[PDB]
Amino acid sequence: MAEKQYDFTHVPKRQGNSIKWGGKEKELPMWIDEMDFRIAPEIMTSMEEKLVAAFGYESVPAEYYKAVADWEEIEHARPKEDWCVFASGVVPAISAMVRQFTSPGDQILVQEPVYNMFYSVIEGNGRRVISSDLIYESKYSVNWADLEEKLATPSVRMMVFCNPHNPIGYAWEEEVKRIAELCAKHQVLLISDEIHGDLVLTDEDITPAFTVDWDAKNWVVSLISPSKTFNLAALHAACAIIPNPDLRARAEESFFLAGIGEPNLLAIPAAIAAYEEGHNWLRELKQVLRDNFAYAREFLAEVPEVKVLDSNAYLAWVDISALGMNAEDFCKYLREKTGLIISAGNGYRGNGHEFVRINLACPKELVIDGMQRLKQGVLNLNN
């Protein structure tokens, strides 16, 4: 092969409070959205240098927005640094922007099936989910007429738009300006969560919503973070990109009010290192991930009873309807007999009750064992 500068073979050893690896003998979790790779050693170096030995209150330096705008220029479209505001997390920032830009009672449009934490922060904040469901016929599709009639609804004040879309792994262009343009037209804030934007495995690119014509650029917020990209979920560093100057200043005051406007001790130095010294680690990763998807899509093509969707952005969305069993029970039964743990599609709503989600961001050895645990689980049902 072409020798990889960095280690994509060795599974980090987590402490016992890890959600993914914490709490049975010979069990294999591929459900929760975090990698099983060591982070880039260039980020590790930045973290270690910061650990000054006194960790008092921290401000957000102009060097953070500069690394952010640079990464987005080099890897995708350069935002203005003035557009940027730090927040400690994507979902935290959404939740605060729900509380800031909508009222209790207001509806918030999503596209089911979608990341299950969207429902929690909309419903838990006393707003109401409305969905222009995604049409499934081995691809999903947008019922645009149904999308427009929901946006025009007076009580529909926000669209939370997954770009690219978890869990179907779909990277939306042109579709994104339409969506922006329809939001603007009906005066609906478009919140573009782009947390998976860097992990497009095809060289299709994501279209950040902040790049839309000024006709609609005043109705958009893009959210990025290094977190899913460099395996730093617990770093609590994200970035809202908000061109409308009043919008942005109001987002920022609510981040403060919520307690998610100030960086923790490593959020600044590690994020800057990722955004400025992480291109080469990512490019290599993307080769390991492409290789894992190929291996998995190919092996499942041994299990004809399931149908993987055509992804274009590391999670595999797998159609298990043929087994004629509910994904919650399948995932339960599959676990108890094989020790493989994958995430049932129920929680993602839409047609999720027919699907399962398998996280392939792990060394190939675990992709093999995983896929084959899955084949075992299927074989036992037919016997």
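When you see a residue number, it is the position in the sequence shown, counting from 1.
Worksheet item: How many missing residues of the deposited sequence lie between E137 and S138 in the entry, grouped as none, 1 to 3, 4 to 9, or 10 or more?
Response: Per the deposited record, the segment joining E137 and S138 lacks coordinates for 1 to 3 residues.
Fill in: Size class of the missing deposited segment between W172 and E173
Just 1 to 3 residues are missing between them.
Worksheet item: Looking at the entry, does 351-359 or 330-338 show the higher mean C-alpha B-factor?
Response: Per the PDB entry, the higher value belongs to 330-338.
Worksheet item: Which has higher Cα B-factors on average according to the PDB entry: 124-132 or 194-202?
Response: In the deposited entry, the stretch with the higher C-alpha B-factor mean is 194-202.
Fill in: Criterion, highest CA B-factor; candidates, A267, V142, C162, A258
Max CA B-factor in the entry, restricted to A267, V142, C162, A258: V142.
Worksheet item: In this PDB entry, which of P263, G278, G89, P113 has the top CA B-factor?
Response: When the deposited C-alpha B-factors of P263, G278, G89, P113 are compared, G278 is largest.
Discussion item. Which third, lowest, middle or highest, does the C-alpha temperature factor of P104 belong to within its own chain?
Written reply: It falls in the bottom third of the chain.
Discussion item. Among the modelled residues of this chain, does the Cα B factor of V318 put it in the lowest, middle or highest third?
Written reply: Its C-alpha B-factor, which the entry lists for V318, ranks in the lowest third among residues of this chain.
Item to complete: Would you check the entry's CA temperature factor for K364 and let me know if it's in the chain's lowest, middle or highest third?
Response: Ranked within chain, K364 CA B lands in the middle tercile.
Discussion item. Please say which third, lowest, middle or highest, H10 falls into when its CA temperature factor is compared across its chain.
Written reply: According to the entry, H10 has a C-alpha B-factor in the chain's middle third.
Discussion item. Using the temperature factors of the C-alpha atoms in this entry, rank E253 within its chain: lowest, middle or highest third.
Written reply: According to the entry, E253 has a C-alpha B-factor in the chain's lowest third.
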